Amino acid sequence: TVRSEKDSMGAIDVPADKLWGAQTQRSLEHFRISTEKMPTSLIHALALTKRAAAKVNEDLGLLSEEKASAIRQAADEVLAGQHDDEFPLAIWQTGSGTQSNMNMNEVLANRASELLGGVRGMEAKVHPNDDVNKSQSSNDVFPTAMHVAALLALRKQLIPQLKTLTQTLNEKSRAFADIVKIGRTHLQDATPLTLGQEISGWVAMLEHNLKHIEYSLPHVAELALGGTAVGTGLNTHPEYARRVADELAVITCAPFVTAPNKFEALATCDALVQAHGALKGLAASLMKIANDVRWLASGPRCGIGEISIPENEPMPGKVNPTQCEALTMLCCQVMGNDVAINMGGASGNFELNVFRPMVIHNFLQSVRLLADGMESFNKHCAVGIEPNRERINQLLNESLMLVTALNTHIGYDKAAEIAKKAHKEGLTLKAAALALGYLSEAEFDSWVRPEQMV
C-alpha cells in the first residue's frame, strides 16, 4: 500500500494508489500549514503548460513521439477532471511554486508511463525531470501557469458574467426609464430622477469596469516560459519561448505571447498586481450597486421600499437581501486580497519573486468570487428587480423637493413660504399652497410636473 520513489535526496514512501512522487511527498509532509491548496484552475493551467511544452519539445526533436504523446494524453486527463486528488500541496510552500511544478511533473510522468505499458515509480518509462520538465527550469514554469490560469479565468469566467449582469441592468434601466422618483444626496431628499436613470449609473459603472479589466489583459498574456533559471534562457532551445507561447495560444484561443523581458517576468508579479487593481475597482463598484439595491428594497414598512427583490429563502413582507449580503461580503474580501497581493508583489528580490503561491491564491480567489458572485446576484436578485410604483409616488409627492416647479408661476418668494409652511406644519405642498391660497388644486396639478424635472 506504499511505493518507494526517489529524488536527489533519497527514497521515500508515497501512497501506492497515488501518482505523485518523491518531491511531492516531501513537500506534503514539510508544509502542514492550514487548509488552502492550489485551486483547480491553477492545476489545469499547469497541465496545459506541460501539454504545450511536450508538443513543442516533440516538434524540436528533443523528445520522442511516444513520450510526448503519452504526456499530452495524461495532461488531457488532468484537464478532464480525472486526477483531482493527485495534487495535495499547500499554498504555503516554497515561494517559487516549484514544488507544485514537480507535483505536475511526477503525476504526468507516472501516468504517461502507465499509458505506455510501464509502471509508476523508479522503473517508470517517463521521467518527471528528464522528460516532463524537459527544456524548462525550476523557476519559469509556475509563473507561466499563474498567467495562463489568470488570463483564462478573466476571459472565460469573469468577463462573461460581468457582461450578463450589465445586460440585465441595462434592460431594467430601459423598462423603468419613465418612473420618476426622489433623488438622494448625503442621504437627504434631493432633486428627482428616473429609476431608469439611476440604474443607468450602475450600467455605466459596469461598462467602465469591463474596459479597465480588458486593459489589463495584454500584460497578463506575457509568459515567463523560456527565461529558465534567471531569465537569460540558458539551457533551453532559442526558439522554445516563442514556440510554447504560440502553442498555448493555439490550444486556448487566448492571445498568449512570450514575455519580451524575462527578467521582469521572473523578478516580479507586476502584471497581476496591476490586473488585481482593476478587480478591486470592480469590487468597489459592485459594493455601491449592491448597497443601493438593498437600501432601495428595505422595508417592508420602515425603510425606503422603492423596489422589490425576489424572496428565495424561508411573518409577511420581510425579505432579507441575502444576495446583496453575499456580494458585499465578497467585495470586502477582494479589497483584503489586494493588500496581500500588493505586499507580495512589492517583495521580490533580485532575479526571482518568491511570493507566488500566495499571490496567485488571492488573485484566482478574487476572480472566482467576482465571477460567481455576479452570476449569483444576477440570477437570484437583479433579474427580479421591480418598482413599487405606489411607494415611489407616495415618497415623491409627499416630499418638499418639488417646490421649485413654482418659481416662474409665483416667484421664489411665495413658493419658499409654501415649502416652509408645509414643513413646519406637516402638510403636502398642495395643502400648504391651499391654506395660504396662492393656488388652486388644478393650478398645482398642472404646474408641478415631476416628469419634466429629469
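Each residue number is its position in the shown sequence, starting from 1.
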| request: Between residue 314 and residue 315, determine how many residues of the deposited chain lack coordinates; answer none if the chain runs continuously, otherwise 1 to 3, 4 to 9, or 10 or more. | output: 4 to 9
| Do the C-alpha atoms of 377-385 or of 363-371 have the higher average B factor in the entry? | 377-385
| message | Comparing average C-alpha B factors as deposited, tell me which of 319-327 and 228-236 sits higher. | response | 228-236
| In the PDB entry, which of 28, 52, 38, 415 has its C-alpha at the highest B-factor? | 415
| request: Sorting the chain's modelled residues by C-alpha B-factor, tell me whether residue 345 ends up in the lowest, middle or highest third. | output: lowest
| Position of residue 338 among the chain's modelled residues by C-alpha B-factor, lowest, middle or highest third | lowest
| said: Split into thirds by Cα B-factor across the chain's modelled residues, where does residue 156 land: lowest, middle or highest? | reply: middle
| task | Determine, from the deposited record, the chain-internal third of the Cα B-factor for residue 351: lowest, middle or highest. | result | lowest
| remark: The third of the chain into which the C-alpha temperature factor of residue 123 falls is the highest
